[PDB]
């Protein structure tokens, strides 16, 4: 019935190589901030309001034509969205995709360019809806993929083009379900990956085409589990990455594909652990990046191939640190006053 403290912004590296960050202000509007230039340490726009009135984390996704699109639950509990009219232009108005949802939305593009959105319903099953044509409306009707879930869902694509969704179940195990063909409405049954998880799951694709899922465990360590064959079962056992974490974990890939995980520690600093040597190499010990943070961190690789990490500060502004040749940069403030609007806490 609870999860580790959430990430509170959605961030992407856009089609022109600039990071762009989306969050929620105290009066429930979505705000965004973007780099002026496609480089680590670029000046930022500052926060600009996309208006709306949201009751979930707003989640941005890039259409296959490069246009950003933000999805969020509205005050009426419908799924709403707003999109760029062109990659380097302004935004539509907020429009409703209806339904009644009870989680943050999770988004992925099918191999045919149609976005598909997954969200928990009032019945605690996973529901979904999709664009009927590539990178465009109109959208399909809502339908259910069943299950009973207790965390925000997350979706990824397999290296063979099949979407796969992960969520915590009523028993606190990690569950998943997958497309049996790309672009299709043919799905598997829900299957348990076992474990006991106390955060939303995070999923990423490895350099070698396997899904790998991360989540906080019952012992507050970071745990992970992965496909042992490219786009295929069986899965590994759950394996611990140790640490003691007090937020959801965030994961990104370095530019050499080494995975790196980030989370708040018991001292409220940002901590991280990373694969060493290569993308098949052993994980480092947890090490501190300092800061005093009041959310999970959010990690992304920028256009210079460096990881940048965003986290809310004690002042409720969004702060930022990034990799340097030697080390990491000191935390800098991007201002704003942000809230955790997660539909599941």
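Residue numbers count along the first chain shown, from 1. The term rigid core refers to the maximal set of C-alpha atoms that superpose within 1.5 Å between the two forms.
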Exercise. Between 203-211 and 86-94, which one strays more from this form in 8 other deposited structures of this protein if you match the rigid core and compare Cα atoms?
Worked result: 86-94
Exercise. In a third or more of the other entries compared, is residue 6 missing its coordinates?
Worked result: no
For this session: With reference to the PDB entry, specify whether the mean Cα temperature factor is higher for 33-41 or for 47-55.
Result: 47-55
For this session: Take the C-alpha B-factors listed in the entry for 106-114 and for 219-227, compute each mean, and give the stretch with the larger one.
Result: 219-227
Exercise. Which of these, 295, 285, 64, 298, has its C-alpha atom at the highest B-factor, as the entry lists it?
Worked result: 285
Exercise. Reading the B-factor column of the entry, which of 309, 277, 303, 60 has the highest value at its C-alpha atom?
Worked result: 277
Exercise. Can you tell me which third, lowest, middle or highest, the CA B-factor of residue 101 falls into for its chain?
Worked result: lowest
For this session: Rank-wise, by C-alpha B-factor, drop residue 149 into the lowest, middle or highest third of its chain.
Result: middle
For this session: Ordered by C-alpha B-factor within the chain, which third holds residue 9? Give me lowest, middle or highest, please.
Result: middle
Exercise. C-alpha B factor of residue 139, ranked within the chain: lowest, middle or highest third?
Worked result: middle
Exercise. Which third, lowest, middle or highest, does the CA B-factor of residue 73 fall in along this chain?
Worked result: middle
